[PDB]
Protein chains: 4
Amino acid sequence: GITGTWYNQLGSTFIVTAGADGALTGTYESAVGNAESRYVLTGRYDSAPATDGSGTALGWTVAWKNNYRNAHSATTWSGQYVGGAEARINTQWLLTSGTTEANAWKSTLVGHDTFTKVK
Amino acid sequence: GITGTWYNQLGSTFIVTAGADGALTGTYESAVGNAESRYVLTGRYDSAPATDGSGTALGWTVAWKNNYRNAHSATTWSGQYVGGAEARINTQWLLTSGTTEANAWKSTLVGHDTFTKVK
Amino acid sequence: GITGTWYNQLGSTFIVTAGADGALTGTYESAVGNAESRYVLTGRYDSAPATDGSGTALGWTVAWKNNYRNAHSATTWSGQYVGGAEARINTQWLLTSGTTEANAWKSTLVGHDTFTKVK
Amino acid sequence: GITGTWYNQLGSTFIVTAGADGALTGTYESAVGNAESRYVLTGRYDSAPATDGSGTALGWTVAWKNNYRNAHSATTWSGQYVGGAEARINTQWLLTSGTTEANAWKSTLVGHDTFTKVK
Ligand SMILES: O=C(O)CCCC[C@@H]1SC[C@@H]2NC(=O)N[C@@H]21
Ligand SMILES: O=C(O)CCCC[C@@H]1SC[C@@H]2NC(=O)N[C@@H]21
Ligand SMILES: O=C(O)CCCC[C@@H]1SC[C@@H]2NC(=O)N[C@@H]21
Ligand SMILES: O=C(O)CCCC[C@@H]1SC[C@@H]2NC(=O)N[C@@H]21
């Protein structure tokens, strides 16, 4: 029930398939930034989703490289799937770009994203 | 040259193999926290490493679930491999645990790690 | 126009007064967590608010200590006041608790908050 | 014992005076970035420092504005003073710049700093 075609508040598309062991595959099309295509993602999530009423912890990784453009950067999301009547995924994310060792302090960006299934 | 057996400042072990397309596989044994084994990791990195003199951006994901213990949590690293005479990987990371919707604010932890190849 | 009585999505109250030089004073009552009173905050913001159409960058600090309860912790917000028809303040924040040197990795928590003036 | 003249790993200077109530005043000269002077800081820390053996939680705020240059940005540190034979302050920090509402995702930067008293 974690697989599907999620959107978020910036408008970017996140097509995902969960795995039997805990794998996470799919593509990710950022609607904003230095990117124009679907990009490859990979990540993991636990499969024992703590049935007391909590959300399923998950995380994944995208590196901004394909046939069209490269930004030499990588972004990781970590969040929790809150699954109920409103299927929601709240994530918080990092973005690291490849900089020179002088510009090491300003490499990382942080932010948040709210993923909804049927927009 | 990104593959290998890295340690860090907490003492945890990170066995990694890079990929021809940009995949990243291997295991991760946290020496601290609610974990006792090697755990499965998966992530990505770009393969056009920007030969002006910058580091290679990379990121990966571990979900704390195996045959021994489960913490219902997932952690993601994003950083850059600085490769020279001293092979170094500086990463900054998030840790998300599966909480109830009341305790949504205190789910995520942030921190930093400094990975060295030959300790 | 930054001064006033803001609420947020968790329900916590943030009473603030800006300064002529750039100071920021007021109180902060967290509606959730290990706190029960108004707490003291202090922070800063720039006063040249970049009239091209951007938001005003700001930040502040609260330490969870008063006559009622102490948590030995400190939280800092950094965000930007987007001021228009809908007066909004989006912030992203850190929370650090005083831990032993063994438990240094799990001290910091990260999160986000969305402040609205008239709720 | 928190007051004094701290340096860090980037070379920036942090002159600080603690307060009887819990206030924190002083100046901050960033040795790197879009800044050239001492800048004004303000923040807070708790004064009941948990004498079991933990560090003192603290945090502060700087807004990059003075007579010389303005960057329309604000940075906040949150960390813990580990005080022993080696007086250390480990902090983790955010940096928010005033951007247009389109460029809201890439406003914030995250990073870490390690402050030492006698360098
Ligand atoms: O910044 C870059 O170098 C490329 C653009 C990255 C897009 C970011 S990644 C996190 C955030 N969420 C998105 O869907 N897109 C932005
Ligand atoms: O907190 C948990 O629920 C399990 C322990 C997680 C270990 C964390 S993950 C990030 C940091 N780096 C490590 O090598 N271990 C800790
Ligand atoms: O965790 C603690 O030790 C005390 C509770 C802190 C409340 C946090 S601070 C950030 C977030 N925003 C709020 O208005 N409250 C929570
Ligand atoms: O980026 C800017 O707009 C101005 C430069 C800010 C300097 C940053 S703030 C955090 C980090 N620690 C420092 O001592 N300097 C950098």
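Heads up, chain D uses Swiss-Prot numbers, so what you see runs 40-158.
Structure determined by electron microscopy, 3.2 Å.
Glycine is treated like the rest: Cβ placed from N, Cα and C.
Annotated biotin-binding residues in Swiss-Prot are D:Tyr67, D:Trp116, D:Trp132, D:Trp144, and among D:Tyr78, D:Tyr107 the one listed with them is D:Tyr78. Cβ neighbours within 10 Å of D:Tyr67 (biotin binding site), excluding its own Cβ and spanning all shown chains: 22. Chain C lies within reach of D:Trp116, taking the binding-site residues D:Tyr67, D:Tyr78, D:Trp116, D:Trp144 and requiring a CB-CB distance under 8 A. Reduced to three states, the DSSP call for D:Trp144 (biotin binding site) is coil. Using a 10 Å radius centred on the Cβ of D:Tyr78 (biotin binding site) and all shown protein chains, the other Cβ atoms total 19.
The subset of binding-site residues D:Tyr67, D:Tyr78, D:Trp116, D:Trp132, D:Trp144 lying near chain A, with Cβ atoms under 8 Å apart, consists of D:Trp144. It is D:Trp116 that, of the binding-site residues D:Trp116, D:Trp132, D:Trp144, has its Cβ surrounded by the most other Cβ atoms within 10 Å. Take D:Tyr67, D:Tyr78, D:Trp116, D:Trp132, D:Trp144, the residues named in the record as contacts for biotin: the widest Cα to Cα gap among them comes to 27 Å.
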